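Chain naming here is simple, since letters A, B, ... match the order of the sequence lines and numbering starts at 1 in each.
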Amino acid sequence: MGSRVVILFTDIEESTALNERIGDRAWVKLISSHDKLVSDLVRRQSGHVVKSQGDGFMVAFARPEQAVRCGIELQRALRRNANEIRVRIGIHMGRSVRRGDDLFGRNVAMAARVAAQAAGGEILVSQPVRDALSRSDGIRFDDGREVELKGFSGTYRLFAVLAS
Amino acid sequence: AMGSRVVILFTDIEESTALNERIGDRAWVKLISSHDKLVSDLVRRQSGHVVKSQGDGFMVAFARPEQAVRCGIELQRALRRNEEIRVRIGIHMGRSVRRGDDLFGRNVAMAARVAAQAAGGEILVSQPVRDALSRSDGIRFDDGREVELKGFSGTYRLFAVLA
Ligand SMILES: Nc1nc2c(ncn2[C@@H]2O[C@H](COP(=O)(O)OP(=O)(O)OP(=O)(O)O)[C@@H](O)[C@H]2O)c(=O)[nH]1
Ligand SMILES: Nc1nc2c(ncn2[C@@H]2O[C@H](COP(=O)(O)OP(=O)(O)OP(=O)(O)O)[C@@H](O)[C@H]2O)c(=O)[nH]1
Ligand SMILES: [Ca+2]
Ligand SMILES: [Ca+2]
Ligand SMILES: [Cl-]
């Protein structure tokens with residue numbers, strides 16, 4: 001049930017406080033610019049922005065390498081811009097159900113919680129994504145850390161992407 | 001805060017992930033599709049407009065606060081009539097920027113925080129909503145509770161609808 005897909009979630013760290021700080025006029029411009037940045041970078045990695053969930057986006061890729069490369073590029077771009085917003089990025093892969101312009105299923109929820117575990121400026125991936133990229137000549141991960149994810153039983157090991 | 005005055009309602013299913021894990025994707029997708037249909041129908045009955053589906057819920061715009069509250073009341077009633085789904089409902093009003101079929105601004109964020117504060121089966125409204133319904137619209141509230149909302153300074157008094 002469901003087609004295999006790689007799901008990437010983004011989320012701006014403390015976006016409400018930011019909005020309150022800079023005001024709605026500045027916020028609308030900021031988020032408009034951010035939307036364009038993400039959309040552009042996703043299309044460069046042949047991804048698809050499924051929808052804008054909260055202060056971020058749900059993005060679908062066919063291959064985990066594309067998702068990680070996208071996340072790496074986004075974090076680089078946001079760092080360049082600051083010279084400020086920090087974004088969390090989470091990536092998970094598995095089967096999920098398509099419904100119009102949306103994806104449903106436990107693996108969508110899992111991807112969202114992986115992103116929620118990430119610090120601002122960090123890209124976290126689930127164990128299946130890390131394992132799928134175990135032999136990448138360019139992508140590098142840390143040793144991972146164990147967490148429990150809301151709504152799920154057991155423990156999960158999440159891995160941070162180490163970019164050059 | 002900028003834009004036009006709008007009443008924003010958020011719905012959010014309580015512990016939807018645990019529910020999904022319990023019944024599986026096949027059953028969950030069937031359940032959420034049914035739920036989407038239910039919410040859409042009830043929103044339209046009160047002249048509301050579903051702006052988008054935020055998480056396992058919806059962001060909905062209404063012109064008047066009584067419309068939003070009546071929608072919430074009817075939704076909670078319908079879910080009770082009904083694999084059990086409990087939903088938090090939060091309602092706030094204020095100026096927000098409406099562009100590209102979306103709503104932006106601090107009052108959107110505030111509405112989301114109000115919904116997050118609500119218990120499953122509860123309809124919580126901000127003080128501006130409560131004050132706007134002081135007239136006999138056939139709606140009653142509790143005495144309110146004072147809480148901190150993430151991202152905002154100070155406290156806010158939120159009122160539960162007594163249906
Ligand atoms: N919770 C929720 N938020 C939504 C929804 N739709 C749009 N949003 C937006 O998502 C934002 C929610 O902020 P959060 O990400 O939960 O919290 P934050 O202020 O960024 O703080 P962090 O915990 O660091 O992320 C609001 O500003 C809303 O405008 C929705 O359906 N549910
Ligand atoms: N966090 C987050 N979730 C999203 C987003 N877009 C869609 N979702 C879905 O919304 C659901 C979020 O789960 P939560 O509402 O935070 O948690 P829950 O399991 O319902 O438990 P509660 O805290 O009681 O609501 C998941 O099923 C996600 O797949 C998004 O942009 N951010
Ligand atoms: Ca955020
Ligand atoms: Ca929920
Ligand atoms: Cl979590």
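- Under a hydrophobic-cluster definition in which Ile, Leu, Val, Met, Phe, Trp and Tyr are linked whenever side-chain heavy atoms come within less than 4.5 Å, directly or via other members, A:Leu124 and A:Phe9 are assigned to different clusters.
- Among residues two or more places apart in sequence or in another chain, the salt bridge (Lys or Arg N to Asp or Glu O under 4.0 Å) test is passed with A:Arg113 by none.
- One hydrophobic cluster holds both A:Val68 and A:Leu74 under the rule that ILVMFWY side chains link at heavy-atom gaps under 4.5 Å.
- To the nearest 0.5 angstrom, A:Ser52 atom OG is 5.0 Å from B:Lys52 atom NZ.
- Between A:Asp24 atom CG and B:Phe104 atom CZ the span is 11.0 Å, to the nearest 0.5 Å.
- Hydrophobic cluster membership differs between A:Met93 and A:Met110, with clusters built from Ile, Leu, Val, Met, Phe, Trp and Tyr side chains linked at under 4.5 angstrom.
- Transitive grouping of hydrophobic side chains (ILVMFWY, heavy atoms separated by less than 4.5 Å) brings A:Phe61 and A:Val125 into a common cluster.
- The backbone N or O of B:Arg106 sits less than 3.5 Å from a side-chain atom of A:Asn19, completing a donor-acceptor pair.
- Under a hydrophobic clustering in which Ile, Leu, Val, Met, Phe, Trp and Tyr are joined whenever their side-chain heavy atoms come within less than 4.5 Å, directly or via other members, A:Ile22 and A:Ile12 fall into the same cluster.
- Using a 4.5 Å heavy-atom cut-off against chain B, the contacting residues of residues 142-150 of chain A are A:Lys150.
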